[PDB]
Every structure is written in structure tokens, then in C-alpha cells.
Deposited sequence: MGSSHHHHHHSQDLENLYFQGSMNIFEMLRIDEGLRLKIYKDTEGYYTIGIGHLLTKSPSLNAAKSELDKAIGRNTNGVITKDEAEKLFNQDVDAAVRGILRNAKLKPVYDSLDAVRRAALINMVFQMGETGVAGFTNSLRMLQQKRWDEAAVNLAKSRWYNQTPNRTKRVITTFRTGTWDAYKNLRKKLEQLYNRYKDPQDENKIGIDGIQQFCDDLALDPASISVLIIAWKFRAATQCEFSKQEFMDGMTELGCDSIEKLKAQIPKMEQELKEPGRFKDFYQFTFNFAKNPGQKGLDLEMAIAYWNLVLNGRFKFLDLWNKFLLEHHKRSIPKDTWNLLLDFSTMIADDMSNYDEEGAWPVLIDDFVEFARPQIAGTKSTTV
């Protein structure tokens, strides 16, 4: 098959795909990008359709099998390589980019393609003076000039690596990044399971970030790392998260935490975080969340947000598992409910648990009015 990666085995193992895996990151399951559009792989837009089945249909045509929204890294590379071919075709019919592209060695061409993936042809073509420097092989001067750009300010760590690639014509920046992340991961990894960071590594991670392990900030990090389950941090999660956060160091991750916290001031992002917490907290082997665990995470994530949290605890501690829908709807309840619960709609198909809670809160609500 034309797309078989075996056709690239004559190349180096470092390539544009591995470069963008580092710089942009790789998603092997369909997800919604920034504009809400179904995407997979390295930034491969599947469709602007709101229909996930439409996205899966586009993915199956592109991959050539029934994927059900999940692909392998190799399949993602094949998708990416098609996108690279298209980007190269575009470069080559761009009067402003073709001269420099033709002039560049293969590694520096990858750096230019990286730029085109990030900012598009018109964006890259705006770098007239730096592109001339590159075309003249004035590498250090190009590097200096590119670093003065807004590009650098937007994505300093990626941009630094791309610039280094222009400067050196080598993959050093990517080798160095990979090694940095490997060596940081190795600081935290479970001595008995190379594939995860365990409790002790998470403790060390928190210590290195000067975070109380029981703080919401730690759960916020897990959320940004799309961690699957509490008390584990898989190698994939760690690497993917550091990539997506643009961090290759603990200092950089530390500087990112307030930005993740700031993201939560958006109710839509807080809802995402809130819903994330359910699957994260739940035992993988279980379909629902143990009430005791639910209470613990509710108190972490809803304290200060859910005005009846204290009554909710009292209610639940008198109760003798929580399904995802009930977890989710508690936030909806929290958002709509009047300070005295007078606007509860019993016919709103709330969980029975919430119906019962509204009934339970009656003595307290009556006492307060008294």
C-alpha cells in the first residue's frame, strides 16, 4: 500500500510526525478541537459535522477500516503523512515558500513544515526576512530573528525547538525534549511498573510542584492530563499532558497550574472538570462511584460552589453507589436551584437521589426561615 510506513523505513526514525507528536501531540481517539470539531491523530480534522457518527464515517474512509473512533499510532502517522504531503504541495505552489523549502535540507524542511502546520502558509510566508536568511543558510541569524517574533511568544517551547532545528539542521532539540521528559518521568515512575507513576511518584510529583496532595490543584492537573484513574498516572498520560501543556520541566508545569485553575472559572470548563472527576474517581472495574468516594470528591470539587453541600453531606451520610448521570446532574441542580429550593421542578427527571434531597432539606430550610 502506498501509505505503508514500511515505505519510510529508509528515513530516519526521527521525522516530521515524531516532531509534531512532540510539538502538538497525538490523540488516538476522536476528540473535539478548540472550535468544537471532531479531530484525531495530530490535528487531523475529520469533519465540521456535530455528528460523531459523521466523524467516524470520515475516519473510516480515511483509515480504510471500521475504527469506531480509535486509531493506532501508525494509523495516525499515515493520516498525518497525507496531511504533510498536502502541506508540502501547498508550500511548493507558494511563491514565497517554495524557494526556501527547495533550498532546505530534509531536517530543516521538517521545521518549515512544522511552522506551516502551526500557522499556515500565509503565516509562515509573513516571515520574509527570516525565510531569506534560511534560504541563504544564515542559520544563526535566522534563529535570532525568528525568536523576536510573536510566534516565539505564542508557543515558546515549540518555537525554540523549531528554531533550534533551523539553527542546527539536526533533531537535537527533539532528542533533548524526549530525553528531558523521559528523565522526568523516570523520577516519578513506579519502580514496579514502568508504564505508570504510582502513589509514591504522584507524591513526589506533588512535592516537586509544592502542592498538597489533597488539594484540588492536583485533581486539576489530573484533569488536564486526562488521567484515567486516581492514584495512577500512566506514562502516556504524563507524556501527553506535558506535551499538551507545553512543559518539559517541573518549573514550567508549576507555572502552568494557575493557568489551568483560571480555565475553571468558565462554567463550561468547570463542568468538563466536574464530569471528568466521576470517571477519574470511580474504580475502573466498577460502573458507578462508591458513595463514600463520591462524597470525598464532591467536597473537593463543589465546596464553595454548591450552596447546599453541607446539607448534601448530611443527607448522604444518612443514606446507605452513584451513577454517572446522577453525578452529572448534581451540578445542573446546583446551578439552577434557588437559595431556598423553592424553584425545584419535581417533574424535571432529576435523579431520585436529588428528589429525596430536596425533600430532606425541608427541615433545614424551614428552620433557617424561622
- In sequence order, the deposited stretches missing their CA atoms are 1 to 9, 330 to 331, 382 to 384
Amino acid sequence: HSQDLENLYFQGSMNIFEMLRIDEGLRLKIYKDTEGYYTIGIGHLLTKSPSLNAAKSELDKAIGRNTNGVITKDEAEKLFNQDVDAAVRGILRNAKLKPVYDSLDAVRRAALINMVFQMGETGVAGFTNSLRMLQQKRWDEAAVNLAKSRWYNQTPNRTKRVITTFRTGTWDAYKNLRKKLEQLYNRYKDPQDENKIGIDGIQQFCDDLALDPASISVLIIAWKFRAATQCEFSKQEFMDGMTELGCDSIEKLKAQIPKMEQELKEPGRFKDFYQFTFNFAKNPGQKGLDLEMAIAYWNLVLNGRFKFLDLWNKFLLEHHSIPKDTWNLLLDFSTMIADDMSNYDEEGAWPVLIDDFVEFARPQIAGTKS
From here on, numbers count along this sequence of modelled residues.
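By rigid core we mean the largest C-alpha set that fits within 1.5 Å across both forms.
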- Item | Of 165 to 173 and 261 to 269, which departs more from this form in 5 other deposited structures of this protein by CA RMS after core fitting | 261 to 269
- Is 57 to 65 or 322 to 330 the stretch whose C-alphas end up farther from this model in 5 other deposited structures of this protein after a rigid core fit? 57 to 65
- Task: Higher average CA B factor in the deposited record is what I'm after, so tell me if that's 118 to 126 or 157 to 165.
- Result: 118 to 126
- As the entry reports it, the stretch among 24 to 32 and 64 to 72 with higher mean C-alpha B factor is 64 to 72
- Message: Per the entry's Cα B factor values, which of 326, 47, 303, 313 stands out as the maximum?
- Response: 47
- Out of 287, 109, 179, 78, which shows the largest CA B-factor listed in the entry? 287
- Query: Which third, lowest, middle or highest, does the CA B-factor of residue 260 fall in along this chain?
  - Reply: highest
- Task: Among all modelled residues of this chain, ranked by Cα B factor, put residue 99 in the bottom, middle or top third, i.e. lowest, middle or highest.
- Result: middle
- Task: Going by the recorded CA B-factors, say which third of the chain residue 208 sits in, lowest, middle or highest.
- Result: middle
- Query: By the record's CA B-factor, is residue 38 among the lowest, middle or highest third of residues in the chain?
  - Reply: highest
- Note on the structure: Quick tally, chain-level thirds of C-alpha B-factors: residue 226 sits in the middle
